[PDB]
Every structure is written in C-alpha cells, then in structure tokens.
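In the form deposited in one PDB entry, a lone chain appears below as structure tokens.
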C-alpha cells in the first residue's frame, strides 16, 4: 500500500520535471499529499513540494511577501491549502457528489468524506520531535491490522515543543526564553525562530491540517495516514503527531471541544527503502506544485523566500498569495464580514479554533513542554 503511494509520488514528480535542467538531480527532500477517493481507487497525487530552506532574518517582510519555511512537508501542506482553495472554488451544488467535501452539522462548514483518505508521503521523517532516534536503529516494516497506537515517552526531553532557527541547524526547544518576538528586535540582529515540523503536525491533528485561516469554511481535516520513505519510527512518530498531547490521561481530550478532538491516523513505511542518501549536494531550489497547476513546477529561493531568478518576483505559496486566496474564497463564499479585516484579526476571528489553540498551548505548558513561540505581532498582521 505504501509502496504504491511512494511510486505514485515519484512518478508524478519525475513526469513533471523530465524536460527541466539537470541541476535538479541533487539532494532534495520530496514531500507530497495523496488523496484516495475510495478504498479501491488507485489514488492521485494532489500536492507536491520540495525545498529545505527558510528565509533569513533580514529577509522577513512586513507585507507578507516571503515563504518563511520552504520545507518539504510544510510546502506540501501549503500546496495542499492551495488545492483545498481550488477545490472550494470548484465545489458547488452540481459537483457535490464528485467533490471531496460534505456539509457538517447545520451546513455551515464542510468536512472530507469518510471514504476519501489523505496520506502524507514524505521522503524523510519530519524534523524535530519525530526524529528522536538513530539511523542504525531504523526499524523494519510490519503489517498490523489493528489501529492501536503505542507512543514512547522514555525521557522528559521527548515531546517538548521545538523550533528551527535561522542560521541554526537542528531543532531548538521552546524553553522559557523570555525574548518576546519583536520585529525591530529581529532586524537589529535577533534570531528568527519557526515552529518545527512535528510540532506543526501536532497542530494539524489536535486542531487541523487546514490551518486557522481555513477553519472558517471547513471542519478540521485530519490526516488518514502518514507514509515515510525514510527514517520511519512507530512510537516516536505516533507520539509526535497524535499522542504527545494526551500523555497524562483523557483530561486533555475531554476538555477539548468538538470538533477539535485528537486523532491517531495510520502510519507506514514504503515497502523498499531508497539506497541513495548523500549528506551533501543540498541546493537552494524549491519546487512547488499543485494538482490544478498542470505542468508548471514553480521554482523558489529558500534563502530569500522568493522566485528563483534575477527578477525574483512574488511566489504563490507565500502569505500574501494565501491571503489573496483567502479573499477569493471569501468573495466566492460571500464572507464580506471577514473580507474587510486584517490577517491576525482573521486568525483570531475563529473563536473555536482560537480557543482550541489556547487550550493546546495551556496544556503543552502544563505538561512541561513549552509555549507557542511565534512571529512578531506586526509580521503576523499586515495589509495589502
């Protein structure tokens, strides 16, 4: 099953970039999101991302003209958001049966179908909490019929909240670092910190894959499976994405309001590993692709968060673009009240998601993990 998913992703990517320059043959982390219409359906790759770089501290934009992280699975979810936006433009009364959404209780917001299953394929494991192991301890693949998760908590430093920092390799925890995120502080030379990968999947599961922007229109979309081409671990990943939150009993889950409930998807490894993995050859290119694009494999610069080339125009997976798509959806959905408001105010306007996020940070702090280190408030709130 996982072998089919990996072959699907690799085939789509290779058939897309067959006629491009050879300079794309270097080391790259390839991450895709594949949809399955039903159990018997073969499945089609619905979102493709590459790139392993983040903007520099000076490169940050007060008008949202950068992609803060160009990472493989992060770009994969940005393309997934673009796919969801495109589908919501496609979604209507006539194509409801073919579409991938069905209205929830009251019809205010939609949810994915139960047959339609989402599977996040990644070449390697997500950075941060999901990478607490060693290469020589990479466990093999077994076929378990049960859906029961077995997370591991052997050390108190496992499960904390971590951040990836510019110029700084690895993932650094969210300690009680009293440096409040401030814009001009960063400009004068304070490091920029970004929420890590697995720490940004805990949210996708406790809160939603759609982010806080998209929860105004659809119910939280949950991963149905995570397939890893490399660095797969059962307990570590299962803790990192779904059950680090509920280590201390159901008191965390029961407090969380519907529909923002925890969810333990199925995890898996590709049937046959890929032999080639060299430490070097890492390139600044980032390939972004959505299913609605066609044959355009957009190329970006991760050191600067913009399109590769001397022109270096605006990309399409950036906060400005995603907010333009937000405005397009609002115009399509007649969301006039939210159509004339700002960015951070729009993120906070999701009362349910905001309260769920606050409960998330409160519980993460109570279990001795950490708060939710964020960007400066004037960077997460801008106008166009």
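Whichever C-alpha set is largest while still superposing within 1.5 Å between the two forms counts as the rigid core. Numbering follows the first chain given and starts at 1.
Here the subject shifts to the form deposited in another entry, a form of this protein not shown in this document.
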At a threshold of 2 angstroms on the CA positions, core aligned, which residue out of 166, 293, 308, 87 shifts between this form and the one not shown?
166
Did residue 276 shift 2 Å or more between this form and the one not shown, C-alpha, core superposed:
yes
Knowing the Cα distance between residue 168 and residue 71 changes 3 Å or more in that other deposited form, does it shrink or grow relative to here?
closer
Residue 124 and residue 168: their C-alpha distance differs by 3 angstroms or more in that other deposited form. Do they come closer or move farther apart compared with the shown form?
closer
